[PDB]
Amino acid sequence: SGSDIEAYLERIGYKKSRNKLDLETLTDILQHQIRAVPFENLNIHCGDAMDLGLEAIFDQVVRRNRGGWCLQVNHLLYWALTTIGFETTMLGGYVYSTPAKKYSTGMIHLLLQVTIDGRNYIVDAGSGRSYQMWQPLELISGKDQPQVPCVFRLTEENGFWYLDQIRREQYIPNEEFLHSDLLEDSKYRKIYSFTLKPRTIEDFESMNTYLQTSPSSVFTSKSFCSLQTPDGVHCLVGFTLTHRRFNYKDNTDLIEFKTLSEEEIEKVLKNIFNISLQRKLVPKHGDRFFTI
């Protein structure tokens, strides 16, 4: 056809039918996107902007085979799902920080609601690492929702929703990384909180700018890119390449770590992530909180 929706589906390798607007189809699209479109911020670390507009995001993701951060990849996913015919809403959320022992002061997370024939879900392709849902989560307070990455749980209290996870044990064969700031040691992790108040993309613009410029922003502190695989997740942070295999053995995830040279990053970006940059990346591994 040459249509934009068909271009997007080609980008994510989705070759199936999209005529049934059901949970199976929604899940399949989510899965294809998270296995194709990385969660990344490498433009920041190449001296370029993180654009918020859909035309620019569609070009960079669909035509230039890039990914983006949540404000980008969920904006695109929102457009695609809506175009396909799903009943969609943009939502805003607040990300948990272990060191801060609280959720972000500002609304730094874009996620989606999809309503299908009497059930309500959240859908998010922009958490990445081992925080990334592989299926839509039903909006049912307190219910365990087991998935390949982990068991997720949504809880409602006083008009706020709280997304948490119960994580597996971790096997780290390269013990030179045991003390890495990248590792979440607890099996219980708060991910983010949000409300069901409908948003527009305009609501995220002030944060879109500030997250690119503030020395306080994790996004200026660490350069990263993440992509889900059929059984795990690849994530590069700074010069540190990781690969997690979910539930490799006995309720345990395996996490491989390797240090890359500057010269090795370009080939990894292409071969593992299908990322080809426009300019030279300056990899960074600053001190701000970001676990894999």
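Counting begins at 1, following the sequence as shown.
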| property | result |
| --- | --- |
| Mean C-alpha temperature factor, higher of 182-190 and 73-81 | 182-190 |
| Per the entry, higher mean C-alpha B factor between 259-267 and 22-30 | 259-267 |
| Maximum C-alpha temperature factor, selected from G106, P198, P146, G118 | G106 |
| Out of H234, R66, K249, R35, highest CA B-factor residue | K249 |
| Within-chain third of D59 by Cα B-factor, per the entry | highest |
| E175 - which third its CA temperature factor falls in, relative to the rest of the chain | lowest |
| Cα B factor band for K222 (lowest, middle or highest third within the chain) | middle |
| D51 by Cα B-factor - lowest, middle or highest third of the modelled chain | middle |
| Modelled-residue ranking by C-alpha temperature factor, third containing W134 | lowest |
